[PDB]
Each structure stands twice: as structure tokens, then as C-alpha cells.
Participant: 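This is the structure I have questions about; it appears just below.
These values consider heavy atoms only, across backbone and side chains, with no hydrogens, waters or symmetry-generated copies. Naming convention: chains lettered A, B, ... in sequence-line order (proteins, then strands); numbering from 1 in each chain.
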Amino acid sequence: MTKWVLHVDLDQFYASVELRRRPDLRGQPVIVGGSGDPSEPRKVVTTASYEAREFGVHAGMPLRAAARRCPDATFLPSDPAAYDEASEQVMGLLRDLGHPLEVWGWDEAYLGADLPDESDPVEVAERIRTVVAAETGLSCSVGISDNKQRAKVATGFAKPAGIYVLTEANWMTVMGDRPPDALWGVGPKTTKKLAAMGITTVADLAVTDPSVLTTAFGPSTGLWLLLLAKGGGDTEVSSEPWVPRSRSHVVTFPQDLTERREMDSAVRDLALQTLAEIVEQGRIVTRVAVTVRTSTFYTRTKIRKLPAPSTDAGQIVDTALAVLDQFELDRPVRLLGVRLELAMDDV
DNA sequence: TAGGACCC
DNA sequence: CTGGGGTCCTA
Ligand SMILES: Nc1ccn([C@H]2C[C@H](O)[C@@H](COP(=O)(O)NP(=O)(O)OP(=O)(O)O)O2)c(=O)n1
Ligand SMILES: [Mg+2]
Ligand SMILES: [Mg+2]
């Protein structure tokens, strides 16, 4: 027997949800983000269709930047309520195949299938793709392996509308010549540090001395970076419901603020909007954090713990404004944010 | 508590 | 020019 980890990720998620109700746009570049107005600044692309992506438009790109690259593109406002309902339709369907399923964000899910050696995991992936296609109209891609991070990397090669199997038989074959940030968990900043140390590929990272990576990244991050290069990762798929450790709300304003009454007002409204939402889900606040971005993108965040776990609205607003006054507040502010950290439950 | 570094 | 919402680790 072999314990396979299957990673399901939805193709161009937000675009496909819109394309499902707009057959007029089937072949045209569709861009989701910020009220559907490409003139608006400080708004970014949250999804670009595969057609729009061939123009170089990707997630996080400003709307006006995307308008420059693809003028022919239909811009749609983001509709989170529609994406949530499409997400639960997909996921409430992925649990009813009788497998351990670890939901991971709206777009992705890890599925555990302990199959006999004579049985092919591709047959499970082939089923997943078309029960999702036949009952939601959305297309997915499945990555197959024996750990989450490698199944995740396998999904990248399966896109679009495909399946890709990645194992130790072909791991270093496929990934050896790739840069470090091709692994899940390592990004641009670590890849830059490794390049300055002579490590430029996954293969070179996999045979790097541990007491060279640990004394450069941390005692456990160093060894974890070494596992990842070897194709290892997390192997337990847990169907337990995830409990959020915190919830937050941030806003970038159209023009940078200057008056503090507006800053005291934004922090208070953000704090009360977040508090009302955690009360609804039955949570209790432990600490209050406030974030300031400034025009030069200098963002730091301060946090204060409450005397006791509370959800009192007067106390949390007072605490948020008290953390805000702890801030220097010289330059114009670009973004203010409130994050309420939640007591790690009970029932 | 602060802050860097991922990721969707 | 550089959104919004999360989490884990390290100093
Ligand atoms: N930086 C990002 C990345 C994704 N998202 C949202 C929008 C995505 O449609 C959705 C799915 O995340 P994603 O799989 O990484 N990208 P997306 O599914 O849109 O395109 P592909 O998976 O086909 O490459 O999360 C976001 O809001 N900001
Ligand atoms: Mg996706
Ligand atoms: Mg995804």
C-alpha cells in the first residue's frame, strides 16, 4: 500500500466563476479586481483569465498596469459572495468521496488516498476532475505525491485542466535544475540569500551542509529548507475544521490621509467591523494589533494584549486607538489596519 | 512584542 | 508604481 496525497486547485478560480455565468466572454481576456474600473488607482488584479495572463497580467498587478498590457480586456468587480458559494459547492463535493480532506483556503484542498500498490492514484485524480466539472462547471487540476508540498508543486505542472504525478523517482529529474523558490515555502528573499551563498538550484540546495543552512536561516528553518529540496514535506491530511487564530481588516485610502480625526475614525471603524464579525462566529479577543503603512510603504504594526479575554466594544476601540497613539504618525498614512487575535477557543 | 517571509 | 487576508518562525 501507498499513502498518496492529492492536491486539488481550481483553475483561474474567480474568472471561471464569472465565465460560468457570462458565456459571452468565453475566449476573451477577463480581469477581476477592484470594482471593475481600470482607472481606479491603488486597486490590483485579483484574477486574470488564462487569456489575459498571456498578455502578462497576473494577480497583484495594479488595475491600470493591467489596462496598459491588455486594453481589450473585460474588467469585472470582485464578487466574494459568489466565490464563497462556488467554493463550498466544490468542497462539499470533495468530502463526499470518502477521503480525508484538508481544506486550504478557498481554492485548494488536500485529499488523502491510501491505495494498494497495484492501484493508480491517477484514477482518483481523474474522477475528482470530472465530478467537479460535471456538477459545478469549474475545472480543477490535481497534483499527486506522498507529501503536501510535493503534491502542491506537482499541481503547477498539471495546470491547466490536468493531472501531474511527482514522486522521488522523478523529483530531482524534474526539479533539480530549477531555482529554490520553485519549492512551496521558499520565495524570492530566501532564493536571493541562497544565490549569494552559491546555491542556485534545488539540486544544490538538497546537498548543502545542514550547519550552513541552519546558521543562516534558523535551527529548524535550515533543516526544513533541506527537506523541501529533497521533495519531502507534510504527510498527514487532517479533516479537522480549521480554527482561525486571528481576523483582520486593512484599508488603503484613495489619497493618503493627513488629519488624525480620520485616522482615529478609520481605526475605530475597522476595529468595530472586525469585532462584530468575531462575535458572530463565537470568538473572544485576546490582543489588539494596529498597522500603519505610510506613503513610503514603511509598515511596522504594534500589538497590545488586553487585561483579560474580552469582546467589549468600548474596551477594544480604546485599546486600538491607544495602540494608534503609540505610533509616530509623522508622514502621510497609506494604510491602517486592525487585527484582533482570538482566544484559541474551548468549544 | 516586534518583524520578517510566505502564500491564496 | 506597489490590495486584502491569513499563518508560521525568529530576532
Ligand atoms: N495574490 C493573490 C492570489 C490569488 N487570489 C485569489 C484570487 C484567485 O482566483 C484565487 C485562487 O488563487 P490561485 O489558485 O493562486 N490563482 P488563480 O486560481 O486565480 O489562477 P490559477 O490557479 O489558474 O493559476 O485566490 C488573490 O486575491 N490574490
Ligand atoms: Mg487556483
Ligand atoms: Mg490556489
Participant: For a 4.5 angstrom cut-off between non-hydrogen side-chain atoms, does A/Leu223 reach A/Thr214?
Facilitator: yes
Participant: Are there more than 12 heavy atoms of other residues, nucleotides or ligands under 6.0 Å from atom CZ of A/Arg127?
Facilitator: no
Participant: Around A/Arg331, counting heavy atoms of other residues, nucleotides and ligands shown, do more than 12 lie under 6.0 Å from its CZ?
Facilitator: no
Participant: I'd like to know if A/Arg42 and A/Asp256 make a salt bridge, using a cut-off of under 4.0 Å between side-chain N and carboxylate O.
Facilitator: yes
Participant: Identify the residue among A/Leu270, A/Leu335, A/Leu336 that makes a side-chain contact (heavy atoms from CB on, under 4.5 Å) with A/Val251.
Facilitator: A/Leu270
Participant: Tell me: CG of A/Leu63 to P of C/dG3, nearest whole Å?
Facilitator: 11 Å
Participant: Expressed in angstrom and rounded to an integer, what is the separation of A/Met61 atom CE from C/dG3 atom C1'?
Facilitator: 14 Å
Participant: Aromatic rings A/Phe157 and A/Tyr164: how do their planes relate, parallel, tilted or perpendicular, breaks at 30° and 60°?
Facilitator: tilted
Participant: Any ion pair linking A/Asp37 and A/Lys43 (charged N to carboxylate O, less than 4.0 Å)?
Facilitator: no
Participant: Between A/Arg129 and A/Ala161 (side chain of the first, backbone of the second, donor and acceptor by atom type, cut-off under 3.5 Å), is there such a pair?
Facilitator: yes
Participant: Please report, rounded to the nearest Å, how far the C1' atom of C/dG3 is from the NE2 atom of A/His58.
Facilitator: 13 Å
Participant: Going by the sign of the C1'-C2'-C3'-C4' torsion, is the sugar of C/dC9 north or south?
Facilitator: south
Participant: Between A/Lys43 (NZ) and C/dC1 (P), how many Å, whole number?
Facilitator: 16 Å
Participant: Between C/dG3 and A/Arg334, is there an OP1 or OP2 to side-chain N/O distance shorter than 4.0 Å?
Facilitator: yes
Participant: Across nucleotides 2-8 of chain B, 5' to 3', mark each nucleotide with B, S or - according to how protein heavy atoms within less than 4.0 Å reach it.
Facilitator: SSSSSSS
Participant: Please determine, by modelled atom types, if A/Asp204 and A/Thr201 share a side-chain donor-acceptor pair under 3.5 angstrom.
Facilitator: yes
Participant: Where each pair must be Watson-Crick or G-U wobble with both distances under 3.5 Å, what dot-bracket representation of DNA chain C is obtained, with crossing pairs in [ ] and other-strand partners as |?
Facilitator: ...|||||||.
Participant: With no hydrogens and no angle check, just 3.5 Å: does a side-chain donor-acceptor pair link A/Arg304 and A/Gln326?
Facilitator: yes
Participant: For every nucleotide of nucleotides 5-11 of chain C, 5' to 3': is a protein heavy atom under 4.0 Å from its base (B), only from its sugar-phosphate (S), or from neither (-)?
Facilitator: SBSSSS-
Participant: Of the non-hydrogen atoms in A/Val323 and A/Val288, which two are nearest, and what is the gap between them?
Facilitator: CG2-O, 4.2 Å
Participant: Across the strands shown, which category fits A/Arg293 at heavy-atom distances under 4.0 angstrom: base, sugar-phosphate, nothing?
Facilitator: sugar-phosphate
